[PDB]
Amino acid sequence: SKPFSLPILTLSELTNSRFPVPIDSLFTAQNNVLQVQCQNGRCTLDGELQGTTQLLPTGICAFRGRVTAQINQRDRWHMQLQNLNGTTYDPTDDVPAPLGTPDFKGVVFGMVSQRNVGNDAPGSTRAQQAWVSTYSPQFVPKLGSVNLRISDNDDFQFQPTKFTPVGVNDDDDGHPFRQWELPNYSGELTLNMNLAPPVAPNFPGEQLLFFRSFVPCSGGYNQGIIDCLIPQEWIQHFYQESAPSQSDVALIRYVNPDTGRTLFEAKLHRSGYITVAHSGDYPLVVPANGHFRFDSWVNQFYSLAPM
């Protein structure tokens, strides 16, 4: 059948699949209590998107729709959501939330923009800084709406609106930025459904390997770390290719094209995440031109060379 493959891309040629920024580095994490269950950046090796994952790098943590009402609370502006491609969002579809929805606890700062339609100054526009807190009790993207904190309540209308993210931050002391804690997609006291499954190493001495970005923050010292299991370009490539997976684990080798040598090897699991044989937190030291290349399908008995 069609052979499986990776796109040939250096790290600075990769886009984070959980926030619309480039990858900065590879990082391997010590095993711990976290049950990694991100919903953006999820795609099997045979090309099945999962979670809230869609194809467009610009759709990640973006919202599209219509502002339809306001409330007298912090999260003032009620934004009825559409799908990012403009279609009507169906709250009964088997997804956790609209595709592109942020998959972490925290505040996402960026800008809202509007372009009127209809009878009231059609085609008139505006834009301003805004903030969306995935802690907000009005953050109910699964039900079809989120509420925006904006910076200028008097230059804003009940009109088609888009949110463009720029960075993240802790919200306050009691509500920190937790990249591995999912938001309550349906609001407070409700539980999530249709989730892509948790991810964990399952072989002695293996650790998850992440594509890491340091995304912008808006005050204080948060490093803005967002880790994705596979980068957006891999997801896009697997979707195009739809190559049948010949086993549960694709062996992949990080290679220096200038020398032709392999730097280290890793397990790329059929559900779309990577493990490496290493113990301890470690920012990987690798050359700038390095890239993964697909080697072969291996069985469960395969032991990774230590990295």
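When you see a residue number, it is the position in the sequence shown, counting from 1.
**Q** Averaging CA B factors per stretch from the PDB record, which one is higher: 68 to 76 or 125 to 133?
**A** That would be 68 to 76.
**Q** Out of 186 to 194 and 107 to 115, which stretch has the higher average CA B-factor listed in the record?
**A** Mean CA B-factor is higher for 186 to 194.
**Q** Among the choices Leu99, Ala200, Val168, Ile226, identify the one whose CA B-factor in the record is greatest.
**A** Comparing C-alpha B-factors across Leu99, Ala200, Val168, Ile226, the maximum falls on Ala200.
**Q** Which of these has the highest Cα B-factor in the record: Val285, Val21, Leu9, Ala288?
**A** When the deposited C-alpha B-factors of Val285, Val21, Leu9, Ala288 are compared, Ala288 is largest.
**Q** Within this chain, which third does the Cα B-factor at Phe211 fall in: lowest, middle or highest?
**A** For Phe211, whose C-alpha B-factor we compare with every modelled residue in the chain, the answer is the lowest third.
**Q** Taking the values exactly as deposited, rank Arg270 by C-alpha B-factor within its chain and report the matching third: lowest, middle or highest.
**A** Middle third of the chain for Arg270's C-alpha B-factor.
**Q** Compare the C-alpha B factor of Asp248 with those of the other modelled residues in its chain, then answer lowest, middle or highest third.
**A** It falls in the top third of the chain.
**Q** Based on the deposited C-alpha B factors for this chain, I'd like to know if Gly47 is in the lowest, middle or highest third.
**A** Within its chain, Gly47 is a middle-third residue by C-alpha B-factor, going by the deposited values.
**Q** Could you place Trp180 in the lowest, middle or highest third of its chain by Cα temperature factor, using the values in the record?
**A** Middle third - that is where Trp180 ends up once the chain's C-alpha B-factors are sorted.
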